[PDB]
């Protein structure tokens, strides 16, 4: 098997070597990748040595590219082994006795989401409608268990919060976001996924978030569907390589298909309400939205046996993955064991591609998404709401502090998947979607050829709304995106290169003159991104550059705590009204970057940091490998 030998393949190999080099500090003792090498870091995780299911999926992807280029699959197997061991909840995390006591006719109890954290805890409404869960019985029959095989999104890799006790550095399942659209990462109260009431207040942390007349010890986990989908995508790339090299990784393929099987929960409305008629309880698949939603979650009792499951009514274009959907529905190797799984995924594939098209702005950037639950409490939609299969348009799904579609990264991450899907399937429904998107992307990459540097969009601003979906793209004349600021986010730049590489390669077979022009532009833009990354942005640990974090003023962000509510963090930090992000995370003041931060805050400056995010370094490496494999020039 003659593997490509050019400088881009070598750049990958060099990056791979840096990421795996012990001196650089990317991995924990368990072999778990951190969110970032640097500890003082807040953006979705709120500590740099937390990690995410996202990081695990990127780890898988990185190792898959390495296996493609070298024929060594040991690293990929290792990545899956650590995933299954540490981020997919096991027996002690989600007790089988509770999971087996699930009632698919009563999946959960309704509670409203609210526009501000001060309105929490939210009261459980036991009389409110909840639909039927149509997946549970099939999954249980297929796998012979009621337990869920999906990754939880957030892991405290070295027990930094101390929820695992005073003398442990073993990983701990934790969660943060609980209090709705206005709870930023600066406004949360971190909690253990297993709330045994050892920490927090009288009822642990539970009564900060949910209102009930009594509280029992319990576990609760939350999936990030975009990460599990990336796991499927990565494992597919690994499998192509495996057939090329004659290596058997079938049991790992089986892991990914099992995960993809459970990932179908991301197709469903939060409380299984009918799609487009959301005051009504669903009776099965009528509550299927068929996109990758913001999460599914599941939980249950520790001291006694009971359980619940929810989907999410909210959908963001940035989470979608037509590549994963295609893998699960239209390849034989990755047909999941559940009888209906491939069909469901095929329906999701079609729906996802329609979704990208519906949200494509006049300029070409993809707009936010859509929800089956206005205000997260099934409020009536305003007259004139623009819709997609009955779901109302939302410029910033789920979160507005900041808007969840303000970040340009969603554009790259998500369109990379469309591009890879398009290269793999040549689905014509994606072509114009990609053409228009690529032009916009390329128009917003600003090269400084003399310096061998560049900028790409950092923050996006949206106005207007799409035309309601009727089956074909309209050009969406009244839906607009503006680039408000540019920057040097190199991980995103890597992803963008990846997307442009697949798009160009997919156009390579076209004889149309305009396609030949688009091919040249996308390919050249990708190559220039990679060349400038390599030439100008290398440092000892990988490829990185300083970024300014003005948002770090929110270290002093007030955190809402109900009047009369008192509690403590494991380290003794007092939790009461008047709390701040920092007051309940005092160990941050022990961080080596802290003096610089507090000095910056002292003189009202923004904080300068140079970060090596595992996903960012991985996207960059993978972009090198991708360009090096698709274009053997």
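Residue numbers count along the first chain shown, from 1.
A.B. asks: Look up the CA B-factors in the entry and say which stretch, 527 to 535 or 426 to 434, has the higher mean.
C.D. replies: For C-alpha atoms only, the mean B-factor is higher in 527 to 535.
A.B. asks: Compare the mean C-alpha B-factor of 182 to 190 with that of 213 to 221 as given in the PDB entry, and name the stretch with the higher value.
C.D. replies: Taking the mean C-alpha B-factor of 182 to 190 and of 213 to 221, the larger value falls to 213 to 221.
A.B. asks: Which is it among 356, 413, 421, 555: the one with the largest CA B-factor in the entry?
C.D. replies: Comparing C-alpha B-factors across 356, 413, 421, 555, the top value belongs to 555.
A.B. asks: Looking at 47, 56, 34, 594, which has the biggest Cα B factor in the entry?
C.D. replies: By C-alpha B-factor in the record, 594 ranks first.
A.B. asks: Classify residue 60 as lowest, middle or highest third according to the C-alpha B-factor given in the PDB entry, relative to its own chain.
C.D. replies: CA B-factor rank for residue 60: lowest third.
A.B. asks: Taking the C-alpha B-factors as the PDB entry records them, is residue 105 in the lowest, middle or highest third of its chain?
C.D. replies: Highest third of the chain for residue 105's C-alpha B-factor.
A.B. asks: Which third of the chain holds residue 348 when residues are ordered by C-alpha B factor: lowest, middle or highest?
C.D. replies: Lowest third, going by the recorded CA B-factors of the chain.
A.B. asks: Would you mind ranking residue 17 by its C-alpha B-factor against the rest of the chain and naming the third, lowest, middle or highest?
C.D. replies: CA B-factor rank for residue 17: middle third.
A.B. asks: Would the CA B-factor of residue 565 place it in the lowest, middle or highest third of its chain?
C.D. replies: Its C-alpha B-factor belongs to the highest third of this chain's values.
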